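K.L.:
After the structure tokens below, expect a handful of questions from me.
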Amino acid sequence: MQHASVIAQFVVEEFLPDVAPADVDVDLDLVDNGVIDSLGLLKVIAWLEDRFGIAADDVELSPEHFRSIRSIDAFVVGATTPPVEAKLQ
Ligand SMILES: *[PH](O)(O)OCC(C)(C)[C@H](O)C(=O)NCCC(=O)NCCSC(=O)c1cccnc1
């Protein structure tokens, strides 16, 4: 989307950064990577407030949000909206 490539690249960088994140089928449900739901979610929540200065907003949890990468892209777009770039080079 406007910056969905950064989300996949940013999220994947924590797990497999030595591999091109754009070379990963972003059409795969990241549920398998649910690992970020807890370990990464805590690091991302604290990091998000550390860099962007946004409240963790962990009052409500939505496990269904990790069902697909696109679902997460909408959450970031609604909260923040970075520059728009072409996902495919
Ligand atoms: P664990 O066993 O993974 O804990 C499971 C649950 C589902 C409770 C998980 O910890 C949780 O709280 N997830 C709820 C949904 C959630 O908070 N997901 C965050 C969306 S990503 C968003 O916060 C964000 C931050 C930084 C960059 N992009 C998006």
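Every chain in the structure tokens has a letter given in the order shown (A, B, ...), and although residue numbers restart at 1 in each chain, ligands are simply numbered from 1 in the order shown.
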Can you tell me which residues sit at most 8 Å away from ligand 1, counting only C-alpha atoms and all ligand atoms, written as a list in words?
P.N.:
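Checking only C-alpha atoms and all ligand atoms against ligand 1 at 8 Å gives residues 7, 11, 34, 35, 36, 37, 38, 39, 40, 41, 42, 44, 45, 47, 48, 56, 57, 58, 60, 61, 62, 63, 64, 65, 66, 72, 73, 75 and 76 of chain A.
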K.L.:
Identify all residues of chain A in alpha helix (DSSP H) (DSSP on the backbone) and supply them as a PDB file with C-alpha atoms, in the first residue's frame.
P.N.:
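Result went into states.pdb, see below:
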```pdb
ATOM      1  CA  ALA A   4       3.119  -1.773   3.143  1.00  0.00           C
ATOM      2  CA  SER A   5       6.533  -2.819   1.781  1.00  0.00           C
ATOM      3  CA  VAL A   6       8.175  -1.165   4.807  1.00  0.00           C
ATOM      4  CA  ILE A   7       5.902  -3.122   7.158  1.00  0.00           C
ATOM      5  CA  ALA A   8       6.857  -6.480   5.601  1.00  0.00           C
ATOM      6  CA  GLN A   9      10.504  -5.408   5.308  1.00  0.00           C
ATOM      7  CA  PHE A  10      10.468  -3.924   8.820  1.00  0.00           C
ATOM      8  CA  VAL A  11       8.700  -6.948  10.340  1.00  0.00           C
ATOM      9  CA  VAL A  12      10.730  -9.519   8.359  1.00  0.00           C
ATOM     10  CA  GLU A  13      13.997  -7.674   9.094  1.00  0.00           C
ATOM     11  CA  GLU A  14      13.652  -8.796  12.730  1.00  0.00           C
ATOM     12  CA  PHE A  15      13.377 -12.479  11.716  1.00  0.00           C
ATOM     13  CA  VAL A  35       5.844 -15.370  16.750  1.00  0.00           C
ATOM     14  CA  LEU A  41       4.414  -7.425  19.423  1.00  0.00           C
ATOM     15  CA  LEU A  42       6.022  -6.394  22.718  1.00  0.00           C
ATOM     16  CA  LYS A  43       9.164  -5.123  20.967  1.00  0.00           C
ATOM     17  CA  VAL A  44       7.131  -3.376  18.238  1.00  0.00           C
ATOM     18  CA  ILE A  45       4.753  -1.768  20.755  1.00  0.00           C
ATOM     19  CA  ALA A  46       7.623  -0.346  22.837  1.00  0.00           C
ATOM     20  CA  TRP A  47       9.562   0.534  19.667  1.00  0.00           C
ATOM     21  CA  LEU A  48       6.533   2.185  18.048  1.00  0.00           C
ATOM     22  CA  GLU A  49       6.153   4.566  21.010  1.00  0.00           C
ATOM     23  CA  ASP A  50       9.935   5.014  21.211  1.00  0.00           C
ATOM     24  CA  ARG A  51      10.271   6.085  17.552  1.00  0.00           C
ATOM     25  CA  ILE A  69      -0.176  -9.070   6.288  1.00  0.00           C
ATOM     26  CA  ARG A  70      -2.660  -6.846   4.425  1.00  0.00           C
ATOM     27  CA  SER A  71      -4.822  -6.636   7.565  1.00  0.00           C
ATOM     28  CA  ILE A  72      -1.850  -5.165   9.452  1.00  0.00           C
ATOM     29  CA  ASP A  73      -1.118  -2.762   6.577  1.00  0.00           C
ATOM     30  CA  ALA A  74      -4.584  -1.214   7.041  1.00  0.00           C
ATOM     31  CA  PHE A  75      -3.979  -0.703  10.778  1.00  0.00           C
ATOM     32  CA  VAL A  76      -0.737   1.216  10.153  1.00  0.00           C
ATOM     33  CA  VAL A  77      -2.323   3.206   7.308  1.00  0.00           C
ATOM     34  CA  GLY A  78      -5.260   4.272   9.515  1.00  0.00           C
ATOM     35  CA  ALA A  79      -2.955   5.269  12.403  1.00  0.00           C
TER      36      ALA A  79
END
```
K.L.:
So what do you get for atom CA of residue A:84 versus atom CA of residue A:28, distance-wise?
P.N.:
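Distance between the two atoms: 22.5 Å.
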K.L.:
Atom CA of residue A:55 and atom CA of residue A:80 are how many Å apart?
P.N.:
12.5 Å
